[PDB]
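Enquirer: Have a look at this one before I ask anything.
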Amino acid sequence: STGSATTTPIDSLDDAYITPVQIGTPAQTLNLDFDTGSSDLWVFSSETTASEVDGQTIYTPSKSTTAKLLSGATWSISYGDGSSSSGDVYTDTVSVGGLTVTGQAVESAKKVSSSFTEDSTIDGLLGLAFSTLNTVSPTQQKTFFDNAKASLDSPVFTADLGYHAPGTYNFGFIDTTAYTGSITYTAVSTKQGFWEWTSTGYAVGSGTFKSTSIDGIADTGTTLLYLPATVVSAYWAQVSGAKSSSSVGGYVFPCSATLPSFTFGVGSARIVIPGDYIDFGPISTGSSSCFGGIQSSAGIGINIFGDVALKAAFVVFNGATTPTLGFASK
């Protein structure tokens, strides 16, 4: 089997992407944030504290003839950005782009943090990291991909995120029309439960390539590119007037700037992030200070190849017995 679904930016900045997901019988379609940095499929629901729901579409398990309470199971998650959610668990039928999993754990939120409430466009998350990170207790649950894998034509999914435009998540096949040149594959460590890999270096603009190993995670659920402070300083040094602002929470730059590109290495291959991808707009409405899309990972404890990086590539998440990651230009 295969699946193919369009993923759509939630706003003009590509702050996140939402993908429609069918849950239950009859289908209830919710727009979920596909997150290769976590491993829980959780939704706003009829059980979510009413004051914490503000415009989201909810899953109502009592209206699904295929829903079953997973008795005794609870979940609770906290994300790198400080947001969180928790609740109980149902199993139900879940379909993405025509690919169906029966008995998928659907984690129903009883509580969500303010950041989730305040974002009316995201109805929940669909985790695509390794199932070892799933938070369901006392019986850990499998991700949608893990459940689908054996049925797929090939045990893979691909992320093709657009810049200021829709893109595609495919399951079970590689669309050879969706990228240019060849796909370069690179080793993955699953030891921390992430799609963790090592970039071979970087360049700023038309500058020379610096060969240096940068360990990090491919994370579709993180907006920005978080890299070591040395790398980030080298990038912003090429933008007149750019500075790190403790008050704002990262590098800012004059909105009048033209940003240089940023290149990262994948083996001997190179992925170029155009300068425009690195612009996250005014820090507040009407400001001439703009927020940068490349930020320091210092104090996160891990480098993160978030959407800023991934949307410059066609990315293969290869879930074979020994997982790997593939990157192509597009």
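The numbers used for chain A are those of Swiss-Prot, and the residues that appear cover 90-419, in sequence.
Technique stated in the header: X-ray crystallography, 1.1 Å.
Cβ coordinates are placed from backbone N, Cα and C, and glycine is handled just like the others.
Okay, so Swiss-Prot annotates it like this:
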DOMAIN    106-417  domain 'Peptidase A1'
ACT_SITE  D124  active site
ACT_SITE  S288  active site
DISULFID  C344-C379  disulfide bond
Enquirer: Out of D124, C344, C379, the recorded positions in the record, which is closest to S288 (active site) when you go by Cα distance?
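Expert: Minimum Cα distance from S288 (active site) across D124, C344, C379 lands on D124.
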Enquirer: So of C344, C379, which of the disulfide-bonded residues has the fewest other Cβ atoms within 10 Å around its own Cβ?
Expert: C344
Enquirer: For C344 (disulfide bond) and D124 (active site), what Cα-Cα distance in Å is obtained after rounding to a whole number?
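Expert: With the alpha carbons as reference points, the distance is 30 Å.
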Enquirer: Is it possible to get the count of other C-beta atoms within 10 angstroms of the C-beta of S288 (active site)?
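Expert: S288 (active site): 22 neighbouring Cβ atoms within 10 Å.
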Enquirer: To the nearest whole angstrom, what is the C-alpha distance linking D124 (active site) and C379 (disulfide bond)?
Expert: 26
